[PDB]
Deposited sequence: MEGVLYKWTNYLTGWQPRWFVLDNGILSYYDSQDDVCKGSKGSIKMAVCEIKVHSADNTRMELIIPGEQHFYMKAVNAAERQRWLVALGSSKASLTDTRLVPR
């Protein structure tokens, strides 16, 4: 699978588009669909977090190593990425009650 996902940089530069490519359990990310990758992550050790409130955002977390925040172009895209990235994983759902 391949396509654009936005990567959260920081509060100032915010969402920046990158080209992502999933192959053999490795999610690689490039500046543009155009020589070799400029980065990658091992899906095998990665957890994926998604909030019920939002339909495009997702968070990749490598326990003990790091956490990032991604955003698909649209809701349909995100689902597509989720199936590809996480169909083999188990899910754990938590609900939190907070002051209004």
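Residues of the deposited sequence with no modelled C-alpha atom fall in a single range, 35-37.
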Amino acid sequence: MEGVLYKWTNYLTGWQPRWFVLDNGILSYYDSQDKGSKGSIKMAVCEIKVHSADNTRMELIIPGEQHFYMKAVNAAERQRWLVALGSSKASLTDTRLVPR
From here on, numbers count along this sequence of modelled residues.
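Once the C-alpha B-factors are averaged per stretch, 22-30 and 64-72 rank with 64-72 first. The entry lists a Cα temperature factor for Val45 that places it in the middle third of the chain's modelled residues.
When the modelled residues of the chain are ordered by their C-alpha B factor, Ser87 lands in the middle third.
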